[PDB]
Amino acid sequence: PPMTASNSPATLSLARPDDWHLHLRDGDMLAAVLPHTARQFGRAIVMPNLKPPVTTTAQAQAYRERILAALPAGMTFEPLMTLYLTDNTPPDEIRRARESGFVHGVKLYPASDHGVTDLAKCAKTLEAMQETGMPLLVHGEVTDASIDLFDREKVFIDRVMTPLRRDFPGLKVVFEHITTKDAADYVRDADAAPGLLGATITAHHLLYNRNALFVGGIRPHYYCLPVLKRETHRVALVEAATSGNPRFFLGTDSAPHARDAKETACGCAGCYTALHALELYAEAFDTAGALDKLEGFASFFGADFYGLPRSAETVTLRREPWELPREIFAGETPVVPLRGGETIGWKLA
């Protein structure tokens, strides 16, 4: 089909990429969304926020088996497990996680057996992480109700991230799903030894700004944490994601909820992008004139951070149009993909 004159590349080939921040959920939902990830990505960091959370290495082991049981037979995918940090997580769990071979990070969520009320409670365990090389993956927002929602990431940098890296200068840290110029600049310019600081960037925070939440009506399927920010912030994230700087790498934060949990009086946070993540990223990188940067960001830098080999497999994105389904089903339960119903411009071959 002849391109218009203004219409860079018809395909893009790259080493098989990985998803360094993923929610696979459990049971029927897991069965439905895992194949979407496994088509696109060789490995993913599987987040631990089940109900109840995955706080122990044995829990992670059992969750890993459930994921492998749901992996359709032709597909190759390795789940890289995580623990949910809590006030009561002991150093002993850190050591058994490191030794298990299948736990690749410990996640810190804002708020004692189910989460962290004060990070000062976790000192000995952070020490063990530093000793063992277990990275801390951080959802970097304060919860302080006197702080405007849009400021909570910037405030976390000053209140928590800076003291953390000062107090544990050998601890490997990933600033998850950064959304602001503040965070991008923080990571980009930080004095850090190689491999000590990384950050993940979602497809949705590259493509949208907060106006998307309110176009023509309130749009719960576009609602996630951290929330979409001002356009100025989105521009900064695109600049970071297309920079070639080895500290930034791909994490979808694909976070599915049933449609009926999104379209209610108190809609759950999370965008579902595992069906079409690579295609969304391809759109963003294409718009930026930087498709030649997608490989580094998607395929190399997160593997490098986590000490895992770069893939010997090649995959190919084709600039062909396709109409996204409005709904994908978890048994009888529908999940709306971000942009479901719309026609996007790339398809993974």
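A residue's number is simply how far along the shown sequence it sits, counting from 1.
Where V215 is followed by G216 in the displayed chain, the model omits none of the deposited residues that would sit between the two. The deposited sequence places 1 to 3 unmodelled residues between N7 and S8.
When the mean C-alpha temperature factors of 255 to 263 and 242 to 250 are read from the deposited coordinates, 255 to 263 comes out higher. Comparing 308 to 316 with 293 to 301, the stretch with the higher mean C-alpha B-factor in the PDB entry is 308 to 316. In this structure the maximum Cα B-factor among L206, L85, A145, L164 is found at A145. Going by the entry's values, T287 shows the largest Cα B-factor out of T37, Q59, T287, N49. The deposited CA B-factor of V54 belongs to the lowest third of values across its chain.
Ranked by C-alpha B-factor against the other modelled residues of its chain, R159 falls in the highest third.
Among the modelled residues of the chain, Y109 sits in the highest third by CA temperature factor in this PDB entry. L24 sits in the lowest third of its chain by CA B factor, as recorded in the PDB entry. Among all modelled residues in its chain, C268 ranks in the middle third by Cα B-factor.
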